[PDB]
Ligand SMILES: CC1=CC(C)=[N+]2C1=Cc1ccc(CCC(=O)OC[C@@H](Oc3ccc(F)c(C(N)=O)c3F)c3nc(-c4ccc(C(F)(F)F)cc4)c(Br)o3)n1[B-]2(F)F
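What follows is one chain in structure tokens, specifically the form solved without the named molecule.
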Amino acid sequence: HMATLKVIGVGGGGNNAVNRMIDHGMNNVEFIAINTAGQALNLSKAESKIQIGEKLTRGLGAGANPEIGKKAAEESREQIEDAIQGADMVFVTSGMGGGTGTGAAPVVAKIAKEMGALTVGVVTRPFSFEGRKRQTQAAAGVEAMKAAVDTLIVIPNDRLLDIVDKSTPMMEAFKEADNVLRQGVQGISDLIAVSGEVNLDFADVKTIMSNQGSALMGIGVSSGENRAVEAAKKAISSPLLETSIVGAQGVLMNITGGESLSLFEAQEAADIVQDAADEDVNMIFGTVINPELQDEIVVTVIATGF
């Protein structure tokens, strides 16, 4: 009776994200690759691959046309549905601005939502250097995604330019963007498998994420003195997110630590999130005592209600 989580990459960036997460190792999660491009799809490492629009595109891409991606997805609805079937939670990841992701990712999410799955989008917006038409297409896709998901995390690719130095490889920067989805999925998966002392379950995840719009999904790990405060600051202060914690009115917050986890520092962590939100936050709070940890503390935050 464990919740089934799947991650679906749509289009090239989404396919890239899936491949990098599989390489990094992700257990108990099923991956699905959806694309118009057959070359990319044949190099995908996902167990489940769906080629959409083969008649439309002959296995090439949609060439940055969103209408092609939308039509390709709608005409493969049943295959997408079969691939999703059994899922309790679906993450759809895609780079907005192109044709396949922009057009197909909202269809995929709507399919998941109408199968009852808790449906979370994690998408990118294009770099400014890609031009205003691409940004405008991406914007339309972001809006379409919001209509189709339960919660949406947007990562403006421009924020990657804030976290590199002059030498950081592009693949390394892309992995920092991948960590938003990967660590969010892993945090939800760990919350679900492990009974905590103050317990949170999938139903608590649905309460914070179902039908909520923009969201924030963060993780923080710290040790030493003031660890709980520092871990909580880390969980809510990502430089890559379009939606910051501010104005968040619902929050799911789980703290994992060793047997040394004090009530005092749990309150400290929670106050850091309440204060940073600058609202009265509806907090769903959990704790998990993992004795294998020694002096390490993990704070997972999901915030919605914007």
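From 1 onward, residues are counted along the sequence shown.
Keep in mind that the form deposited with the named molecule bound is not shown, yet the notes after this line are about it.
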Open item on the list: Can you tell me if residue 140 lies within 4.5 angstroms of the named molecule in the entry with it bound, counting non-hydrogen atoms only?
Closed with: no
Open item on the list: So, residue 302 and the named molecule: in the entry with it bound, are they within 4.5 Å at any heavy atom pair?
Closed with: yes
Open item on the list: When the contact criterion is heavy atoms within 4.5 Å, does residue 199 count as touching the named molecule in the entry with it bound?
Closed with: yes
TODO: Please check if residue 190 has a heavy atom lying within 4.5 Å of any heavy atom of the named molecule in the entry with it bound.
DONE: yes
- [ ] Could you tell me if all three of 209, 221 and 253 have a heavy atom no more than 4.5 Å from the named molecule in the entry with it bound?
- [x] yes
Task: Single option in 232, 109, 153, 73 placed near the named molecule in the entry with it bound, where near means a heavy atom within 4.5 Å - done: 153
Open item on the list: Considering non-hydrogen atoms and a 4.5 Å limit, which listed residue (236, 144, 80, 89) is close to the named molecule in the entry with it bound?
Closed with: 89
TODO: Choose one stretch from 161-169, 199-207, 80-88, 223-231: the one whose residues place a heavy atom within 4.5 angstroms of the named molecule in the entry with it bound.
DONE: 199-207
Task: Partner contacts in the entry with it bound for 275-304 (non-hydrogen atom within 4.5 angstroms of the named molecule) - done: 286, 287, 288, 298, 300, 301, 302
